[PDB]
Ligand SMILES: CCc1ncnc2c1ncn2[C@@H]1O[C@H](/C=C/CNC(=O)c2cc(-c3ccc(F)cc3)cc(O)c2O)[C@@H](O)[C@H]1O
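Starting off, we have a lone chain in the form deposited without the ligand, written out as structure tokens.
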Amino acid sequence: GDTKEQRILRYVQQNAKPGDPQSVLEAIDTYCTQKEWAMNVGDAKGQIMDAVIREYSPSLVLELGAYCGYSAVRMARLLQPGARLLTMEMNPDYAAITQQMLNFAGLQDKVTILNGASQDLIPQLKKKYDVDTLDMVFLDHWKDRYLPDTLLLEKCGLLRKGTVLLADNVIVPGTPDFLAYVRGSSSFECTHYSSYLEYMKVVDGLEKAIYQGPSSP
């Protein structure tokens, strides 16, 4: 049988326009919304992602976690000339779908997909992928990995003063440890975004946590 992620890709391949990221995004959103797997992702998640990317204009973005590639396409289409996205995902099936989604959208030249465990790959980023510090980190899909990945990024010296972390699907009482960490820490300045669409209950919540370094301003 076919996986949900493979079915999302097949729908894009059959219905979207190659080389048109907006078309790809709309197709994913339309299909997942119809199936009731995810409701109006463009409005609830994508608009917030776009606003953050446009505010900080990051040259180097690291995405931790991927499923069908929606988030990677969303970010990559807004990267400035010369900017790049590194996307790390442990599940080889999800990584493969994400690559194919970026290919279809025509964005593969701006993105490098790294299939492996974050604990193994994060310490190799500086030497293997020419990374000094990251401008933005997008934490996606796997809520329980947000905190240990953040701590490992710090240990590896990959965050600088002003590095923006944006974490998806942070909705109280979920991600209690990650929120407790960034909110409680004097090294992170935090903003929470809650998208309601037209409804009374949160559809998606995201946390922006800006690293300040270890010292006084």
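Start at 1 with the first residue shown and count on from there. C-alpha atoms forming the largest set that superposes within 1.5 Å between two forms make up the rigid core.
Only in words, not in the display: the form deposited with the ligand bound, which the text now covers.
Transferring the ligand from its position in the entry with it bound by superimposing the surrounding C-alpha atoms places at least three ligand atoms within 2.4 angstroms of backbone or C-beta atoms of the displayed chain; the site is blocked. Contact here is defined as any heavy atom lying within 4.5 Å of the ligand in the entry with it bound, and by that definition each of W37, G65 and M90 is a contact residue. With a 4.5 Å cutoff on heavy atoms, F104 does not count as touching the ligand in the entry with it bound; it lies far away. Contact annotation for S118: at least one heavy atom lies within 4.5 Å of the ligand in the entry with it bound.
A residue is said to contact a partner when one of its heavy atoms sits within 4.5 Å of a partner heavy atom; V172 meets this definition for the ligand in the entry with it bound. In the entry with it bound, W142 approaches the ligand with a heavy atom inside 4.5 Å. Considering the ligand in the entry with it bound, the lone stretch of 172 to 180, 153 to 161, 51 to 59, 186 to 194 in range is 172 to 180 [heavy atom distance within 4.5 Å]. The one residue among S187, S59, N40, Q47 whose Cα position changes by 2 Å or more between this form and the one not shown, with the core held fixed by superposition, is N40. Remark: with the core as the superposition reference, the CA shift of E207 between this form and the one not shown stays below 2 Å. Compared with the form shown here, the Cα atoms of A167 and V41 move at least 3 Å closer together in the entry with it bound. In the entry with it bound, the Cα-Cα separation between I53 and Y199 shrinks by 3 Å or more relative to the displayed conformation.
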